[PDB]
């Protein structure tokens, strides 16, 4: 783990605005998306080769509130002017959501919860994992931006509630995703300073790594030398001037534009379903039926309580893990401006006092949808995405069990002091929004609750799966010098909170590439 310190912006020495980058550059590797996986990947590759990372968003310094824990809600509340770090979108299901648009990616605007992936998921994932390397990489990330949190009153209350409610065993402080209750790590340090993926750029070689911000990558360039190969990308700066960045022999273009951005860029570049691309007059580079398919978004269901006695805002650190659902509680100050994506719609009552948000994330999820373009030419126009929440009934069953567990928490001695009236069961609380069914044994009522109150846990992933679009080495099948490394590569969430795994993934693949270049050297 790391030690509390200011956000490290040393990498600014090699950060440039796209308008200042050359019109035509040559590198060993070009990384699209300076996000959660993108930054550590770029830093690792720069240890030996010339790397250029292209990020559409601004430097974190352009939006100071992304650098503190008490700025979390603020960023979500900010109006989307097309340049802000929080990009708003609404799935076809009608659920509000957001994604990062800034150097550091979504790790720069998230809730800071850090967890290592469930150790049992690597086995039949389609990737032959080097577990020694996986752990060395987690350590590499953790020693740079992960911290053991301060004790916090509300989180402690939540911990007592989980333990009283049978979420066992107790793991004390642990980073591992395991069944039971525990206090995990956070990317927010003990002074509330947010640390993120961008700082992993500092681990790279300052003479080999170059970062371009305000760089909108619109298309991947291909050629046959002699086989189909990615040769670079076209990106545009704030002046509307297009640039080109090419990769040299043995080099590669790696797309780390995220669950939403990666499939979008591939489609715009002619890599996707042939009939679909043709319907939009997009030249087909390679028919790839699964690009944009298998998009998953774990549903979030919750209960907001308004204690009669004020509680203090806290960062989530206490996790109550079950096999089918993951839970936690977020305490916060009241708002009069809605944080987009926090509640499912803009028409949700706002809290005028301090409140606690008990959240439940369904594992998986088994349900999935797809991503389609909204513009056949403009990469700045958000793609259409549908997740089909609860289309798979097993997900619904898990939501029911999960909300019943929340009901248990609400019925504990631990939460009694936060009720307005001493009533039986889950009754007695001042609830903001949709309350739980009073009868904890009414499954049908819980199913309706699950469906009508659903929101996004913001941990969407998939869209460019290993075994569907990519091979075990994250290469886009059928195309040379092209890989994908970010949250779009797997169908299910790796843990209650995925940033740890995606951060690790970036460097992991980076190391695999260096090992590959060593053997072929």
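Numbering follows the first chain given and starts at 1.
*Asks:* What stretch has the higher average Cα B-factor here, 310-318 or 447-455?
*Replies:* Stretch with the greater average CA B-factor: 310-318.
*Asks:* Mean C-alpha B-factor higher for 225-233, or for 89-97?
*Replies:* Per the deposited B-factors, the answer is 225-233.
*Asks:* Taking the Cα B-factors listed in the entry, which of 179, 164, 252, 421 comes out highest?
*Replies:* By C-alpha B-factor in the record, 421 ranks first.
*Asks:* Which one of 107, 118, 353, 301 shows the biggest C-alpha B-factor in the PDB entry?
*Replies:* Among 107, 118, 353, 301, the highest C-alpha B-factor in the entry belongs to 353.
*Asks:* Using the B-factor values recorded in the entry, state whether the Cα atom of residue 26 falls in the lowest, middle or highest third among the modelled residues of its chain.
*Replies:* Ranked within chain, residue 26 CA B lands in the highest tercile.
*Asks:* Going by the recorded CA B-factors, say which third of the chain residue 203 sits in, lowest, middle or highest.
*Replies:* Highest third of the chain for residue 203's C-alpha B-factor.
*Asks:* Please rank the C-alpha B-factors of the chain's modelled residues and tell me whether residue 114 sits in the lowest, middle or highest third.
*Replies:* As the PDB entry reports it, the C-alpha B-factor of residue 114 lands in the lowest third of its chain.
*Asks:* Looking at the C-alpha B-factor of residue 57, is it in the lowest, middle or highest third of its chain?
*Replies:* Tercile = middle for this residue's CA B-factor.
*Asks:* Pull the Cα B-factor of residue 463 out of the PDB entry and bin it into the chain's lowest, middle or highest third.
*Replies:* Tercile = lowest for this residue's CA B-factor.
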